[PDB]
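K.L.:
Sharing a structure here in structure tokens format.
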Amino acid sequence: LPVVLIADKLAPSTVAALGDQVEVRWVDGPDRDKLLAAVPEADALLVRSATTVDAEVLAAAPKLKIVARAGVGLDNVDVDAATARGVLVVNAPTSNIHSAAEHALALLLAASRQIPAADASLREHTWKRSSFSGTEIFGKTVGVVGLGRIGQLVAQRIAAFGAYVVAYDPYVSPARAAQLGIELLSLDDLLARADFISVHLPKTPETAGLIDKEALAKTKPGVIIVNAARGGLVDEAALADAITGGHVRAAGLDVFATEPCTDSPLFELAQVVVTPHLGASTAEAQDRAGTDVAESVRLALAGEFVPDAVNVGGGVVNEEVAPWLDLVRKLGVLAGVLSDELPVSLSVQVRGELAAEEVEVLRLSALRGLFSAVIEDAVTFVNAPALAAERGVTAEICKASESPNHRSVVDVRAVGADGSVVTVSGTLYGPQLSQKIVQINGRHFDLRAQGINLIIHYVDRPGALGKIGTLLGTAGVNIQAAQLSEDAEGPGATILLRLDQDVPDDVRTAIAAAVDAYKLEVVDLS
Amino acid sequence: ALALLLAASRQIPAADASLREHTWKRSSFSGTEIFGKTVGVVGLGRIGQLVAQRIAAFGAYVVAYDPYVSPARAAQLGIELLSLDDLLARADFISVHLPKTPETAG
Amino acid sequence: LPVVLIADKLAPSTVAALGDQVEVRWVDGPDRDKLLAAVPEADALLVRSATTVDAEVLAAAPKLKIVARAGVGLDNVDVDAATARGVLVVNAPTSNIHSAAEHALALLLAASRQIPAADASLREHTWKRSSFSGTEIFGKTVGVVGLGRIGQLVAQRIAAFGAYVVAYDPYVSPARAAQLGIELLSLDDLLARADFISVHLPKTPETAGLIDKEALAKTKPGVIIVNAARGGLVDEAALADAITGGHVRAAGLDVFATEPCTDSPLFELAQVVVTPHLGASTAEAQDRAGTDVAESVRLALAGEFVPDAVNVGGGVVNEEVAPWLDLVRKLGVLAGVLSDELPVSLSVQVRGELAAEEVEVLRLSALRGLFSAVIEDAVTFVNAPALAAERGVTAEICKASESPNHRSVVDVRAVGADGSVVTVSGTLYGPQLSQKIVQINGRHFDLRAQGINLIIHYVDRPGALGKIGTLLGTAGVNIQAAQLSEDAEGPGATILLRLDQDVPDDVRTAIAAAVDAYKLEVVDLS
Amino acid sequence: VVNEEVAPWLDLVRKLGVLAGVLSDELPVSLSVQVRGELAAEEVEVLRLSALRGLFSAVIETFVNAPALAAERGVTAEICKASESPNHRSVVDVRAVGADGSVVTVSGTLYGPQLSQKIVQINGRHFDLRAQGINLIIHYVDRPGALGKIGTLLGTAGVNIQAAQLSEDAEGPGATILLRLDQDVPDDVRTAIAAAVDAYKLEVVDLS
């Protein structure tokens, strides 16, 4: 009878979802000696955040099948390690959404009404009612930056206050927004137009420090801004500058560029409400984490599908199909990048020898690629059913016996809402099974799918390759591989380069001007 | 009203103060989710009805006590009318307001 | 133990899907005396096409729950009668698709290669090999008119011959086409561009006689055309004219404007292959019809959902929600008509008192509305799950306690792929519960949702109402009700009229010119 | 009877031989043609002749004079057929060894409806270029500016590039490059290019 080791503060009621087919025991997880002694006969490991599920732990745990995190975060878990030992990692990704949206709302009201200061004022014994002045919400515009689950929640709640909602999110399809009854804007237009901004981005180099000194300066004077989402999404220093200057009326942070956080100058400003990362401190949110994580462990031990799965592990993937996960992920990205807007759907097409395999994971990989920009690292799998409902993009697979050129090739067709298609293809071959991008939109070639790749679609005149190469040489950037050809027909040609580092902004720009680029992108294929 | 209901539910002022004092007392707070919970509104003047409508969007059920309110209006507001007794038994939150008849209130 | 009366030639194996929870008996259906005697204790009635399930039959059958048709057609069934007696009608809508696509293909090849004539030639004992000349398919363009299931099937098959496929179908979303790897064209562009045309439209006044003398004249000389779909989709006389003139090379009809068909002049032309409605004459297609219809009867007797359902019956619908089916159907249409293109999704919104009801059927009604143009009559319900997969449009419901003005109102938001929204609202009120359209795109009013309604969106100058009214008066057409107002802002205003008959084409045109219409539509709301 | 499945390969393999030659600095002492993949099932001896054929067109000012022409210059041909191809469904490898011992390999394939002859390997670097038009190959020192200078000089000569692909080498401090030009390179430009990137080797050959 399977053993489930619970190594963090999780109530047995909280995990009654593990039927009576399992023997459930507890251990004091943050006690290394005890934990290590306990894990050896665990089929399953539930943890919260106090326990660190380490390289050492997993090696101590040779019978392990599922390490489950009752929570959203993964920082206390070394997934890559679990992946390499065949151990399925899972979490509770949607267990905190309600508590966190509610907190965003709390912070928003608390800040517009100077609550803790008022409350503090009666705590000192003074009637300073005349000094306060709050901001009314009815009829105001609210800008939601990032329209994932929590942002869509906050959007429903705030809307019922009679606010207008607008959002910025290049990773929600326009139709999906419109269904939510939300107007999609460039982050420029939101900034200008919102009276309230609540931010709801994951943390990704794409994202960190979005709302900088330069962004705050486009915001409506009188803005109230709220970040209950991540780390340093809104620049603490530039915020302090704007509060003080009065340009922004108030703020509410739940999260800090670096926590534990004790010494910010934000704690000296009054008009800024702050709380020590409370968004998910709710008995309801912790129980949900547990009950969810229980259910996943159940599915996982019945050998059923595990949609909350973070990675791959156990025979859930053939050795022959395994190496294609990463590459298809890469096509996904690329197809994302080469698209004008966000595709309404991915059509993963698998041809040649590979078509004999179970290749349904590869559809998950493509999506995981396409959405790299709003997905945090450790996550490798994601919920397709959930993704569709939330953002409104889907994916499907099609197998085909014949592969025209290579023995096996995977083609990713990003389809645009308007009927247009971008296609990107890769294969693997050779004793090393290296990843090669072998087609982009009718253009065949062979490039290692690795490193920093620059892609340009410019005007085909003599010496454009010159201009591009020579500009790069001046930036002191080496080219590892390059490829160009035709455009279907017309003006325009298409180049792709592996470089040894990023192209800095002014340089990136100079190139667009020198070949008169239509489009110019830079993508990290690692 | 909604502001105070959330401040009280997430302990905002106590929390904020912890930081003011330069302590990381994250581990000291534990709040209450509104979602799926039942909210008692006592008294249904325009404000109480507005509050009923703002809370329903948090996904809470709203019951309320107010014997002079148009029952129609209450069902349009998504509200289940109750006796003050039953509301008191079933409420996870309660927000009290001027009733429809000013000072039928006790 | 439930009784299932099988009144047509259907094998017991063919219906083994009805578990052993039922007592199954047969009757000679086309024998009225026998049938009528048999039906009284039937809980269920399976028929094929020989039996006519009549007003008389249903009244003879007071215990009846499901009349099931092993087939696609319904002409042998009076649904409206079954609807009014609470008896659920069902069919096998997708049982013939493979046999019918294959037949289309058969006809296409048979005709391009003059097969029956060749075969006929060896039957007379002559080696007339030198006289024949067939048409090769590889590299040719094939135009598929109507991209429903069968058309998408034919499209996959023909594509594997190395043909290019293009299609005309304003009721498949552009993204859906592109996923199928098909280029969507105006029927004008298809006509010009196709070397082969196979047609795949249902029969609807929208549709009957599409390919007329005028259409055939835009087709590529050398076209081969194939109609295996419906009745008279391609005009028999105009086809005969073009075959003879040589402009079209060959044809293949499986179906006839009026069948039984014995005397067409098409039977005198050689280059036209003809067969007596064989598309579904396949033992595989009949067994499928049966096995499908069995399964529906099973679900229906377990009181489970019945997706193949053609109508409503049994407590599957509250009396209070019942009268809203038709009206919401009407919004669906309207929302279709007022949209620039085909919506990617319908957002049915139900507000006020009605929000207390089970209103999931209303989502089905909206879709049934939107697709009226490609749906045959008797069908009232349709498969939403199937609709989405096929055409790529979805629908959802949202309930809301409050209705701003009326006590109950339903709003249908057609959302465009590009994020734009058309909204059309109706209610019912009064002792008669008459259907009223009460909002279109921010404009509130009160119009009976019945009759022939003309809608114009023209330029707002003085006397435009004059021009419109006076033009109509000259066409001798009476106006029963009218409504106009503002456009959001800008130039343009919007009028809606109930008329006692159609606006003929030249007149319809004259109006557009006189108010300088942007858009002008005419819709039958019955 | 040359088999319908093999016929399209003749011209391509001829091309492979023009490449193997123009690329060896010394005239070669052996030429080795290796068919791998589905083609191996066919009788491909006539491919050897094609290879030898290009190879001698590209060095000496028919299909039966060739084998005897070769022996008169010490060049020995060999051909190989193996079912295993590790990437393409079919691929032919032409291989020329020099007196000293230095190796050159070039590979082609056909695929698609228009079975287009593509070049695919040059010394263990992978490419997918149409084996047609005037191509310029360069083996040079891999450093920043290299690509810049090649382009700038070509541009400056009014020479337009149709397609091109370059890759850094397996282990050397060098890199390779293949460009399709719309016209030939005057000799001086060839030399100016060579000097500029420290070309170990430069060549222009015309794959009509």
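Here chain A follows Swiss-Prot for its numbers: 3-528, in order, are the residues you see.
The header says X-ray crystallography, 2.7 Å.
Heads up, the Cβ atoms here are built off N, Cα and C, so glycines get one too.
Pulled these features from Swiss-Prot for this protein:
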ACT_SITE  A:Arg232  active site
ACT_SITE  A:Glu261  active site
ACT_SITE  A:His279  active site, proton donor
BINDING   A:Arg151, A:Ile152, A:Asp171, A:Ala230, A:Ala231, A:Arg232, A:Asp256, A:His279, A:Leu280, A:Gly281, A:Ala282  NAD(+) binding site
DOMAIN    A:455-527  domain 'ACT'
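Mind mapping these onto the model and telling me what they sit next to?
P.N.:
Cβ environment of A:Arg232 (active site): A:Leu203, A:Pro204, A:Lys205, A:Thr209, A:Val257 lie under 8 Å away, each six or more residues apart in the same chain.
The Cβ of A:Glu261 (active site) lies under 8 Å from the Cβ of A:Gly233, A:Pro278, A:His279, each of which sits 6+ residues away along the same chain. DSSP assigns A:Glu261 (active site) to coil, not to a helix or a strand.
Secondary structure from DSSP puts A:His279 (active site, proton donor) in coil.
Using a 10 Å radius centred on the Cβ of A:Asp256 (NAD(+) binding site) and all shown protein chains, the other Cβ atoms total 25.
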K.L.:
Just jot down the residues in the same chain as A:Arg151 (NAD(+) binding site), at least 6 apart in sequence, with C-beta under 8 A of its C-beta; none if empty.
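P.N.:
Residues satisfying the criterion: A:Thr96, A:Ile99, A:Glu392.
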K.L.:
List the residues of the same chain that sit at least 6 positions away from A:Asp171 (NAD(+) binding site) in sequence and have their Cβ under 8 Å from its Cβ, in sequence order, or write 'none'.
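P.N.:
The list for A:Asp171 (NAD(+) binding site) reads A:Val147, A:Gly148, A:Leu149, A:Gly150, A:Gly153, A:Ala179, A:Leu186, given in order along the sequence.
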K.L.:
Quick one: what's DSSP say for A:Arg151 (NAD(+) binding site), helix, strand or coil?
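P.N.:
Reduced to three states, the DSSP call for A:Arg151 (NAD(+) binding site) is helix.
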K.L.:
Return the residues near A:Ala231 (NAD(+) binding site), defined as same-chain residues 6+ apart in sequence whose C-beta is under 8 angstroms from its C-beta, sorted by sequence, else 'none'.
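P.N.:
The list for A:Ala231 (NAD(+) binding site) reads A:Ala106, A:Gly148, A:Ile152, A:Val201, A:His202, A:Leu203, A:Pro204, A:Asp256, A:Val257, given in order along the sequence.
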K.L.:
Below 8 Å between Cβ atoms and chain B: which of A:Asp171, A:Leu280, A:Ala282 make it? I'm asking about the binding-site residues.
P.N.:
A:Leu280
